[PDB]
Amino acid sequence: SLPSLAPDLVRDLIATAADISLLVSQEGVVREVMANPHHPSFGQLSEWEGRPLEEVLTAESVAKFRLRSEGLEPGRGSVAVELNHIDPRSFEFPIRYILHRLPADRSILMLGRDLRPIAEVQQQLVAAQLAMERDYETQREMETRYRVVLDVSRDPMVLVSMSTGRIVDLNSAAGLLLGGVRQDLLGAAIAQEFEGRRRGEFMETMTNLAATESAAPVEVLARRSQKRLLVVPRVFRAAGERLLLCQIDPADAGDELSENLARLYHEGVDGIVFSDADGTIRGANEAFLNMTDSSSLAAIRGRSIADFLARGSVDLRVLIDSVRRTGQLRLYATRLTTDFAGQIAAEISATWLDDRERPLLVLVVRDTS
């Protein structure tokens, strides 16, 4: 049993065991307010002392208090009831008060437990659940969108896993060109759908082609279809993982000039570089990439052409001065530099593409032994 306890100590024990306690007199006025030294931002509850209980509790709460305390006699029994404080700045959440009728002056000691912790954690859980709701809804929305766009599209596309080399999706057009209904090609290793090809080397061909960004397609023969097909690859990172999207056209299917020009670009031995008026590379063909030992078009796109010229600023100054003077630089000799400090012999020619908004540069770069 508890030893000899003094009233001071008892007041402290109650003040630390409960979160807030009130000694309300028999007449309904608050005589003593015992807040917790360990409860957040307290000691500012001193106002309640001397005030009636109706200035500290909502009306309904006062009513519940009255009702539970109607028959509450001293010495035999105690009762628990949830009451709410008016000021949410003191106690935003309801308090579980355990009521005792005191023997001497028939005052009532209210011992309170703040629901605040449990309530705020559980509210956090509710918040989380609603967030998850909107999350799955948006996920399903975008899923439907991607589905409709891929299926409706008249452009034959196939999505291949960069880790497995197997088809993860496609549309009915790609299936038509390949010779299998969508269900049959799902999961089928793409490289095996083409005669004479293997996973490793075919994926390497696709991936390198994508990095180059050449529009020169890979000629393939579909096993099921026996159709000569052309495959144009693109690599993209979705949610941190890389995927491979192939566009497929069948082969054998005026204006020959533009065609042959594009072919000159993607297949030509001379490097060609398009660039803003300040040398900023906008695009370049496979030849310039191979020449510079560049990992990919995207790697150089956005950089200054000076990063690949041996003289650096001097070369860029010459290009710009000539091309801005006569519109043309005929033959300029310098060295191309790779990002591993290599040096190639190069001869450059260049032309200003007369524009009001986007003045371009087209540079023909030739490897000269």
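Start at 1 with the first residue shown and count on from there.
- Counting the unmodelled positions of the deposited sequence between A253 and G254 gives a gap of 4 to 9 residues.
- Per-stretch averaging of Cα B factors for 117 to 125 and 232 to 240 places 117 to 125 on top.
- Taking only CA atoms, the mean B-factor in the PDB entry is higher for 107 to 115 than for the other of 107 to 115 and 164 to 172.
- As recorded in the entry, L72 carries the highest CA temperature factor of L177, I272, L186, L72.
- Per the deposited record, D87 carries the highest C-alpha B-factor of all listed residues (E213, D151, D87, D276).
- Placement of the Cα temperature factor of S41 within the chain: highest third of the modelled residues, per the deposited record.
- The entry lists a Cα temperature factor for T337 that places it in the lowest third of the chain's modelled residues.
- Remark: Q328 belongs to the highest third of its chain, ranked by C-alpha B-factor as recorded.
- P156: CA B factor lies in the lowest third for its chain, per the PDB record.
- Residue-level temperature factors show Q226 in the highest third of its chain, judged at the C-alpha atom.
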